[PDB]
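Trainee: Quick one: the structure is below, and I'll ask about it shortly.
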Amino acid sequence: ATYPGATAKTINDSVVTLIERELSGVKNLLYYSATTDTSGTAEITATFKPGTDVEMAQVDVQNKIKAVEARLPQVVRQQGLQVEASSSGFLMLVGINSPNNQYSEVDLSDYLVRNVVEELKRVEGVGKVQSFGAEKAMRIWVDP
Amino acid sequence: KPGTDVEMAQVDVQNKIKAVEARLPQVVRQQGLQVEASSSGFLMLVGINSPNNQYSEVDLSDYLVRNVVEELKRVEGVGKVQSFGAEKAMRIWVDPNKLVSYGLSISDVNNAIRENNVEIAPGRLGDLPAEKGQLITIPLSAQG
Amino acid sequence: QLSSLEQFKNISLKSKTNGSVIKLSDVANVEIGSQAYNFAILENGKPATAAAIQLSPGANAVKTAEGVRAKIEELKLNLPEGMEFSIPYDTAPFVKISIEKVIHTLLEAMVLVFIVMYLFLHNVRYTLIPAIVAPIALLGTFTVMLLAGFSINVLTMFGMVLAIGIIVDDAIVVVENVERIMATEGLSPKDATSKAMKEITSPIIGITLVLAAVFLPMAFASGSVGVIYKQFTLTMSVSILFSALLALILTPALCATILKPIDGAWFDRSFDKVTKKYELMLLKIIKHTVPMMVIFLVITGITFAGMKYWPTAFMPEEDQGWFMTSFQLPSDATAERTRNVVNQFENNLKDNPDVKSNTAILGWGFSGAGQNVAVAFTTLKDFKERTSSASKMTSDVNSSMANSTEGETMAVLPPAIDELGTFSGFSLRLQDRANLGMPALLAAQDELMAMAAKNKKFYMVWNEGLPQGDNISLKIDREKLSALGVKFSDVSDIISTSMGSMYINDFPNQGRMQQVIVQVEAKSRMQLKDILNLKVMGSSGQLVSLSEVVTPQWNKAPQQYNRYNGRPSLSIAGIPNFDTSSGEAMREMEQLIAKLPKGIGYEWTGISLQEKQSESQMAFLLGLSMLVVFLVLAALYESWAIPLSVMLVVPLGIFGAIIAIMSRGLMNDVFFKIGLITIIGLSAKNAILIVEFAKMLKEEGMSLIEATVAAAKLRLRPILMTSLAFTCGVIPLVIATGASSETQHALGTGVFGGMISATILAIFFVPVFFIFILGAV
């Protein structure tokens with residue numbers, strides 16, 4: 001759950017508690033955790049019993065949060081609640097470097113986001129691709 | 001049908017309403033369609049009374065909503081907790097006679113409250129891209 | 001829509017008070033940067049980028065890696081000059097080398113058991129009769145794996161390695177009995193095979209039923225410990241069932257058609273002489289009946305003591321060829337400080353040790369992001385060109401980082417199981433169960449950290465999260481605003497917009513719609529004073545700075561909010577100290593936590609919780625398995641004394657198992673539990689081999705003692721044959737030294753000691769048990 005800018009106290013008292021109020025009583029719930037950090041982001045991880053069907057359990061979580069998607073702040077709602085059967089460690093960490101220094105780090109991250117991350121995600125068996133580098137963007141540094 | 005998997009059937013209903021969640025009025029949509037595998041009768045009816053009359057009914061309902069309903073819902077086996085009592089809230093009983101007397105409309109009072117009582121995004125002092133030469137980063141806070 | 005800096009800089013902008021139409025470049029430096037500058041990447045000290053690929057739920061690691069490497073090779077062709085692709089962190093190579101090492105040890109087990117059976121029969125034929133049942137039983141196990149929805153992992157493979165020495169038991173029994181009949185009576189292969197069948201058909205079935213029923217309850221255990229038991233259960237049980245089907249169906253045909261007439265070095269007289277000395281020693285033993293039962297009571301006592309006292313673990317750590325290094329700098333730390341810390345750590349292991357590649361991610365870290373958090377995935381050079389081990393390296397990094405750069409850098413090993421935890425060790429969650437508030441929980445937390453600093457079984461039990469930090473809350477004096485005549489909404493706008501970095505809309509940049517972010521320039525949002533230099537329009541027409549209407553105040557508050565099972569909590573990582581198991585640390589943590597303020601609870605999460613379940617259900621798995629074997633035995637031999645005599649041999653196998661574990665210095669992990677049950681089964685096998693024939697000879701009219709000694713002597717050869725077979729088949733597990741060798745060490749040491757015991761201590765005690773239990777009734 002994203003809620004940009006807002007510090008962790010706001011995500012903790014306005015968002016996480018709401019979702020956690022529905023996470024209970026889910027089928028085969030082994031244990032559940034929720035961490036809100038300073039990036040204006042909360043990760044609520046419901047860990048189910050070992051061997052439980054991850055698909056149907058993911059469905060159960062979707063159903064429970066559906067009952068709490070109308071009370072979250074407007075930004076949270078119109079920013080989406082990405083619910084995914086997740087993992088902890090990275091399988092591998094593909095990267096792009098520039099030994100001749102012909103491209104600054106921003107150009108490498110741009111190229112990686114625009115022409116690599118999509119085609120990496122389009123591989124069978126790749127569940128998530130987290131890009132540690134942001135796409136290019138027209139920045140307007142105003143001067144107050 | 002009796003004995004049908006309530007989970008997959010709930011999923012089916014979710015799918016069917018997904019095809020009709022884009023035509024409903026805007027309020028309906030941005031108020032959410034809470035789809036839940038439901039029940040008819042209450043298992044039990046927890047309540048809070050005040051025999052010494054030290055707390056009015058509004059205070060009891062407030063305490064019940066703020067410190068009981070959440071922890072009741074956080075019990076395993078509790079599917080829904082319907083609170084027959086509303087949380088406290090700052091009520092502004094306007095007087096349309098005086099509203100007209102000064103020349104204002106309730107829309108105005110609505111705007112005055114929206115402006116004198118705003119949620120100011122926190123921001124972060126020294127967030128990236130940092131100025132070469134910074135060693136401290138304090139998360140700012142506003143209070144409006 | 002604008003597409004170039006030129007069009008953006010010339011964006012008109014009406015000037016509020018004067019009238020001049022200014023451009024955007026007058027009030028703002030327009031430039032192309034990145035959407036958000038959250039994370040950075042240091043690959044081998046150089047700035048670069050990266051893309052962490054998280055495996056799909058239940059996908060294949062090796063296949064996914066094959067696909068991603070192929071896609072990288074494909075995309076290499078379209079890389080402008082200057083860009084180079086790299087995989088500076090990859091785990092599936094280790095999956096490929098682990099599964100290959102396990103298949104290699106499986107083949108080594110096959111070869112060694114074939115050599116043992118050849119040495120005990122001396123004809124390729126006689127030894128080929130059983131050695132054809134192992135591959136067929138294994139292939140049937142594979143078909144059942146597929147039909148049940150299983151996979152080929154190191155767990156089921158380890159189950160097959162254990163099974164190699166158990167599959168061929170039945171066939172060894174049949175071939176030994178047929179060989180023996182053709183040696184003593186000289187009968188033709190066909191009718192000799194028929195007589196051997198009419199003799200040991202029920203022994204074979206009994207051994208089978210016992211071995212397949214001892215492995216059933218373990219698969220019923222709950223939790224990951226069960227998901228681990230289920231592999232070994234399915235593998236070994238189906239392997240034993242197919243081994244029995246073959247011993248009853250295929251090996252009789254082989255023994256009937258392709259067994260050549262006995263015509264045909266020193267082993268023969270020495271082995272027989274050995275058998276005779278054993279028989280005389282057995283008679284001397286049976287003499288002192290009560291003393292040997294006293295020695296058995298003593299051994300059971302020692303065994304129970306060891307199984308109750310020896311430290312417990314869950315899974316052995318392994319040198320996966322790489323490790324992680326989490327840098328947690330205090331709050332108020334800037335990305336420059338974390339770059340300094342990471343640069344120090346990167347330069348600390350740059351040319352001194354032998355590592356393959358060290359990649360650091362700035363701004364990202366398991367359990368929290370932020371400028372003051374980095375995670376560096378140093379990948380060890382290799383295993384064949386190594387010097388210091390993963391655990392010997394991490395220790396070096398920890399000690400060479402705790403004293404130089406400010407922070408919390410703690411190099412840590414990869415976990416045991418892939419998606420259980422991020423690091424090796426235990427992970428506890430200190431919960432706030434009585435609404436004590438955050439400050440109380442954090443005080444309890446640092447106290448617990450103070451108590452864990454002087455413990456010997458603890459090393460660094462740090463906090464896996466973000467630390468408290470100073471915030472700058474602004475109080476707005478509304479009365480001063482109304483007196484100055486300034487709208488409040490304008491002050492709110494100015495603050496929020498002055499810090500926010502808001503995003504507006506997109507623009508077409510080289511064919512792709514990229515964002516257009518606006519934000520107060522860097523040098524105007526760094527220190528607090530800059531904020532207090534913002535100005536708003538008053539009532540009298542003159543500007544009023546924010547410093548006159550807002551008052552800052554510095555609070556101390558937690559910057560990350562963690563919740564567990566509903567209640568606020570704090571993730572407390574920890575790794576046990578050298579010479580201390582994970583079980584001891586867990587128990588020690590419980591005591592420490594018991595020494596904490598009231599209302600503060602504690603919960604185990606991940607590996608710790610799974611380990612707790614293992615330890616809390618190891619008694620019922622041994623209580624239920626033993627009872628199942630007893631009941632099956634009583635059903636098979638229609639008595640209550642025979643199954644007691646067969647059960648009385650289990651503590652001897654456990655005895656050796658515990659002895660081996662204590663001597664080697666391993667722990668009471670789940671692999672040892674797997675061997676514990678395997679040795680129960682094999683012990684029962686060695687006992688039945690004697691007890692059945694002794695019962696038959698006693699029913700044939702022979703005296704109890706004479707029947708007992710005759711059956712022991714006649715079945716010494718199959719017992720030793722099968723025993724040495726399984727022991728030499730597991731020797732590859734104990735002696736393995738490559739990569740992923742610690743799992744094999746833990747899984748083989750137990751069964752090795754247990755088999756050595758349940759064969760050297762069985763052929764002498766099972767006759768004693770039989771005679772005693774039958775005389776006492």
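Ordering of the structure tokens sets the chain letters (A, B, ...); residue numbers start at 1 within each chain; ligands are numbered from 1 in the order shown.
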Could you list the residues in chain B lying within 6 Å of chain C, using only C-alpha atoms, and format the result as a list in words?
Mentor: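 Written out as asked, the residues are residues 115, 120, 121, 123, 125, 126, 128, 131, 135, 136, 137, 138, 139, 140, 141, 142 and 143 of chain B.
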Trainee: Next, write the just-selected residues to a file, as a short mmCIF file (atom, residue, chain, number, x, y, z; two decimals), in the first residue's frame, keeping N, CA and C atoms as the atom set.
Mentor:
data_model
loop_
_atom_site.label_atom_id
_atom_site.label_comp_id
_atom_site.auth_asym_id
_atom_site.auth_seq_id
_atom_site.Cartn_x
_atom_site.Cartn_y
_atom_site.Cartn_z
N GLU B 115 -10.25 24.64 4.42
CA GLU B 115 -9.04 25.45 4.29
C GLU B 115 -8.34 25.70 5.61
N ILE B 120 -1.18 18.91 5.87
CA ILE B 120 -0.03 19.41 5.14
C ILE B 120 0.96 18.26 4.99
N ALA B 121 1.28 17.92 3.75
CA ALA B 121 2.21 16.84 3.48
C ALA B 121 3.52 17.09 4.21
N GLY B 123 6.91 16.08 3.76
CA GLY B 123 8.19 16.32 3.14
C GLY B 123 9.36 15.83 3.97
N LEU B 125 13.46 17.02 4.84
CA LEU B 125 14.56 17.96 4.68
C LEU B 125 15.85 17.27 4.26
N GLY B 126 16.29 17.56 3.04
CA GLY B 126 17.53 17.01 2.53
C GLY B 126 17.37 15.71 1.78
N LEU B 128 16.86 13.16 -1.45
CA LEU B 128 17.54 13.12 -2.72
C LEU B 128 16.72 13.82 -3.80
N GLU B 131 22.14 17.95 -2.01
CA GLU B 131 23.16 18.92 -2.43
C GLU B 131 24.45 18.36 -1.99
N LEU B 135 24.97 16.42 5.44
CA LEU B 135 25.23 15.28 6.33
C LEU B 135 24.08 14.95 7.29
N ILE B 136 23.05 15.80 7.28
CA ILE B 136 21.89 15.60 8.14
C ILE B 136 20.61 15.60 7.32
N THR B 137 19.67 14.75 7.71
CA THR B 137 18.39 14.64 7.01
C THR B 137 17.29 14.45 8.05
N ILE B 138 16.52 15.50 8.29
CA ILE B 138 15.45 15.44 9.28
C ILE B 138 14.07 15.48 8.63
N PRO B 139 13.23 14.47 8.92
CA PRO B 139 11.89 14.45 8.33
C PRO B 139 11.03 15.54 8.93
N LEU B 140 10.74 16.54 8.11
CA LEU B 140 9.91 17.65 8.52
C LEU B 140 8.47 17.21 8.74
N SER B 141 7.74 18.08 9.42
CA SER B 141 6.35 17.90 9.76
C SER B 141 5.70 19.28 9.79
N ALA B 142 4.44 19.31 9.38
CA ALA B 142 3.63 20.51 9.33
C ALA B 142 2.44 20.26 10.24
N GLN B 143 1.78 21.32 10.67
CA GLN B 143 0.67 21.11 11.60
C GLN B 143 -0.52 22.00 11.29
#
Trainee: Given a cut-off of 6 Å, which residues of chain C touch chain A, counting only C-alpha atoms, written out as a VMD selection string?
Mentor: chain C and resid 27 to 36 39 48 to 56 59 64 82 to 87 89 to 91 223 to 224 368 419 514 to 521 560 to 565
Trainee: Name the residues in contact with region 591-608 of chain C at a cut-off of 6 Å, using only C-alpha atoms, excluding same-chain residues fewer than 5 positions from it; report them as a list in words.
Mentor: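 Residues near the query, excluding close chain neighbours: residues 420, 421, 426, 427, 428, 429, 430, 431, 432, 433 and 434 of chain C.
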Trainee: How would the residues just picked look written out with C-alpha atoms as a PDB file, in the first residue's frame?
Mentor:
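The new file part-v9.pdb reads:
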ATOM      1  CA  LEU C 420      11.831 -18.641   5.015  1.00  0.00           C
ATOM      2  CA  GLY C 421      14.163 -15.881   6.170  1.00  0.00           C
ATOM      3  CA  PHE C 426      16.939 -16.705  14.446  1.00  0.00           C
ATOM      4  CA  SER C 427      14.375 -13.937  13.997  1.00  0.00           C
ATOM      5  CA  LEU C 428      12.236 -12.840  16.935  1.00  0.00           C
ATOM      6  CA  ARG C 429       9.429 -10.288  17.126  1.00  0.00           C
ATOM      7  CA  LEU C 430       9.177  -8.374  20.404  1.00  0.00           C
ATOM      8  CA  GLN C 431       5.479  -7.577  20.698  1.00  0.00           C
ATOM      9  CA  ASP C 432       3.638  -4.954  22.720  1.00  0.00           C
ATOM     10  CA  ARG C 433       0.751  -6.960  24.182  1.00  0.00           C
ATOM     11  CA  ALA C 434      -0.550  -4.565  26.839  1.00  0.00           C
TER      12      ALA C 434
END
Trainee: Write down, as a VMD selection string, each residue of chain A that has any atom within 8 Å of an atom of chain B, counting only C-alpha atoms.
Mentor: chain A and resid 5 to 7 21 to 22 24 to 25 59 to 60 63 to 64 66 to 71
Trainee: Among region 327-437 of chain C, which residues carry a DSSP assignment of strand (DSSP E), reported as a ChimeraX atom specification?
Mentor: /C:327-328,355-362,373-380,410-412,426-432
Trainee: Using N, CA and C atoms, can you export the residues from the last selection as an mmCIF file, in the first residue's frame?
Mentor:
data_model
loop_
_atom_site.group_PDB
_atom_site.id
_atom_site.type_symbol
_atom_site.label_atom_id
_atom_site.label_comp_id
_atom_site.auth_asym_id
_atom_site.auth_seq_id
_atom_site.Cartn_x
_atom_site.Cartn_y
_atom_site.Cartn_z
ATOM 1 N N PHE C 327 23.893 -2.485 5.838
ATOM 2 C CA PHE C 327 24.416 -1.276 6.450
ATOM 3 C C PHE C 327 23.245 -0.441 6.928
ATOM 4 N N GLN C 328 23.155 -0.261 8.233
ATOM 5 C CA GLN C 328 22.097 0.547 8.822
ATOM 6 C C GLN C 328 22.778 1.697 9.548
ATOM 7 N N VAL C 355 37.002 -12.644 -3.628
ATOM 8 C CA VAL C 355 35.567 -12.602 -3.871
ATOM 9 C C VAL C 355 35.367 -12.380 -5.364
ATOM 10 N N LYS C 356 34.253 -12.870 -5.895
ATOM 11 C CA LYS C 356 33.965 -12.737 -7.320
ATOM 12 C C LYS C 356 33.531 -11.321 -7.689
ATOM 13 N N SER C 357 32.494 -10.832 -7.018
ATOM 14 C CA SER C 357 31.965 -9.501 -7.283
ATOM 15 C C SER C 357 31.131 -9.027 -6.101
ATOM 16 N N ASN C 358 31.244 -7.746 -5.773
ATOM 17 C CA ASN C 358 30.496 -7.173 -4.661
ATOM 18 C C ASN C 358 29.579 -6.054 -5.142
ATOM 19 N N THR C 359 28.275 -6.299 -5.086
ATOM 20 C CA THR C 359 27.291 -5.311 -5.515
ATOM 21 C C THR C 359 26.497 -4.734 -4.354
ATOM 22 N N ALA C 360 26.499 -3.411 -4.223
ATOM 23 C CA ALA C 360 25.759 -2.760 -3.158
ATOM 24 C C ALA C 360 24.590 -1.976 -3.730
ATOM 25 N N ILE C 361 23.476 -2.033 -3.003
ATOM 26 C CA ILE C 361 22.256 -1.316 -3.336
ATOM 27 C C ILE C 361 22.095 -0.250 -2.254
ATOM 28 N N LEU C 362 22.103 1.011 -2.667
ATOM 29 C CA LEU C 362 22.024 2.130 -1.746
ATOM 30 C C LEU C 362 20.553 2.500 -1.709
ATOM 31 N N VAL C 373 20.176 3.300 4.691
ATOM 32 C CA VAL C 373 20.095 1.849 4.613
ATOM 33 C C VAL C 373 20.670 1.401 3.283
ATOM 34 N N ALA C 374 21.572 0.431 3.331
ATOM 35 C CA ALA C 374 22.091 -0.174 2.118
ATOM 36 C C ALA C 374 22.239 -1.667 2.339
ATOM 37 N N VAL C 375 22.266 -2.413 1.243
ATOM 38 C CA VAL C 375 22.472 -3.854 1.318
ATOM 39 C C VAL C 375 23.422 -4.260 0.208
ATOM 40 N N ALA C 376 24.490 -4.957 0.557
ATOM 41 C CA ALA C 376 25.525 -5.308 -0.404
ATOM 42 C C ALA C 376 25.633 -6.820 -0.490
ATOM 43 N N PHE C 377 25.387 -7.356 -1.683
ATOM 44 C CA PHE C 377 25.440 -8.796 -1.924
ATOM 45 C C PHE C 377 26.800 -9.271 -2.420
ATOM 46 N N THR C 378 27.783 -9.375 -1.535
ATOM 47 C CA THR C 378 29.095 -9.847 -1.960
ATOM 48 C C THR C 378 29.022 -11.315 -2.351
ATOM 49 N N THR C 379 29.513 -11.652 -3.535
ATOM 50 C CA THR C 379 29.488 -13.036 -3.985
ATOM 51 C C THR C 379 30.901 -13.607 -3.924
ATOM 52 N N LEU C 380 31.086 -14.653 -3.127
ATOM 53 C CA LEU C 380 32.391 -15.286 -2.986
ATOM 54 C C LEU C 380 32.900 -15.756 -4.342
ATOM 55 N N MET C 410 26.518 -5.446 9.237
ATOM 56 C CA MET C 410 26.628 -6.799 9.769
ATOM 57 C C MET C 410 26.520 -7.858 8.675
ATOM 58 N N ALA C 411 27.668 -8.274 8.149
ATOM 59 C CA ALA C 411 27.711 -9.298 7.116
ATOM 60 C C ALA C 411 27.024 -10.539 7.657
ATOM 61 N N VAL C 412 26.124 -11.115 6.872
ATOM 62 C CA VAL C 412 25.380 -12.279 7.327
ATOM 63 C C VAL C 412 25.245 -13.286 6.194
ATOM 64 N N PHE C 426 18.301 -16.807 13.952
ATOM 65 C CA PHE C 426 16.939 -16.705 14.446
ATOM 66 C C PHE C 426 16.401 -15.287 14.288
ATOM 67 N N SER C 427 15.083 -15.197 14.172
ATOM 68 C CA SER C 427 14.375 -13.937 13.997
ATOM 69 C C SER C 427 13.184 -13.869 14.945
ATOM 70 N N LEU C 428 13.292 -13.002 15.946
ATOM 71 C CA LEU C 428 12.236 -12.840 16.935
ATOM 72 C C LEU C 428 11.520 -11.503 16.780
ATOM 73 N N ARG C 429 10.258 -11.483 17.194
ATOM 74 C CA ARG C 429 9.429 -10.288 17.126
ATOM 75 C C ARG C 429 9.002 -9.955 18.545
ATOM 76 N N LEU C 430 9.521 -8.850 19.070
ATOM 77 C CA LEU C 430 9.177 -8.374 20.404
ATOM 78 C C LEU C 430 7.877 -7.594 20.301
ATOM 79 N N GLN C 431 6.796 -8.188 20.797
ATOM 80 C CA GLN C 431 5.479 -7.577 20.698
ATOM 81 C C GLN C 431 5.064 -6.775 21.919
ATOM 82 N N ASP C 432 4.181 -5.814 21.674
ATOM 83 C CA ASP C 432 3.638 -4.954 22.720
ATOM 84 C C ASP C 432 2.209 -5.399 22.996
#
Trainee: Between CA of residue 251 (chain C) and CA of residue 236 (chain C), what distance in Å does the model show, to one decimal?
Mentor: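 Atom-to-atom, CA of residue 251 (chain C) and CA of residue 236 (chain C) are spaced 19.9 Å apart.
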Trainee: Extract, using only C-alpha atoms, all DNA, RNA and protein residues at most 12 Å from residue 384 (chain C), discarding same-chain residues fewer than 2 positions from it, and format them as a ChimeraX atom specification.
Mentor: /C:321,354,380-382,386-389,737-739
Trainee: Would you compute the distance between CA of residue 637 (chain C) and CA of residue 229 (chain C)? Give it in Å to one decimal.
Mentor: 29.2 Å
Trainee: Would you pick out the contacts of region 268-280 of chain C at 10 Å or less, using only C-alpha atoms, so that residues sharing its chain but fewer than 5 positions from it are not included, and give the list as a PyMOL selection string?
Mentor: chain C and resi 120+285-286+709-710+712-714+716-717+763-764
Trainee: Applying 10 Å and only C-alpha atoms, which residues near residue 643 (chain C) remain after dropping the ones on its own chain fewer than 2 positions away? List them as a PyMOL selection string.
Mentor: chain C and resi 629-641+645-648+684+687-688+691+770+773
Trainee: Have a look at CA of residue 298 (chain C) and CA of residue 618 (chain C) and let me know their distance in Å, one decimal.
Mentor: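 According to the coordinates, CA of residue 298 (chain C) and CA of residue 618 (chain C) are separated by 22.8 Å.
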Trainee: Find the spatial neighbours of residue 96 (chain C), counting only C-alpha atoms, within a cut-off of 8 Å - ignore same-chain residues fewer than 4 positions away - and output them as a ChimeraX atom specification.
Mentor: /C:62,92,100
Trainee: Dump N, CA and C atoms for the selected residues as a short mmCIF file (atom, residue, chain, number, x, y, z; two decimals), in the first residue's frame?
Mentor:
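Done, and the output landed in part_33.cif:
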data_model
loop_
_atom_site.label_atom_id
_atom_site.label_comp_id
_atom_site.auth_asym_id
_atom_site.auth_seq_id
_atom_site.Cartn_x
_atom_site.Cartn_y
_atom_site.Cartn_z
N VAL C 62 16.18 -22.88 -11.50
CA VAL C 62 17.14 -23.17 -12.57
C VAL C 62 16.56 -22.76 -13.92
N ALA C 92 21.05 -19.52 -8.86
CA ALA C 92 20.73 -20.79 -9.50
C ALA C 92 21.96 -21.62 -9.87
N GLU C 100 23.39 -31.45 -8.59
CA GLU C 100 24.38 -32.30 -9.24
C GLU C 100 25.21 -33.06 -8.23
#
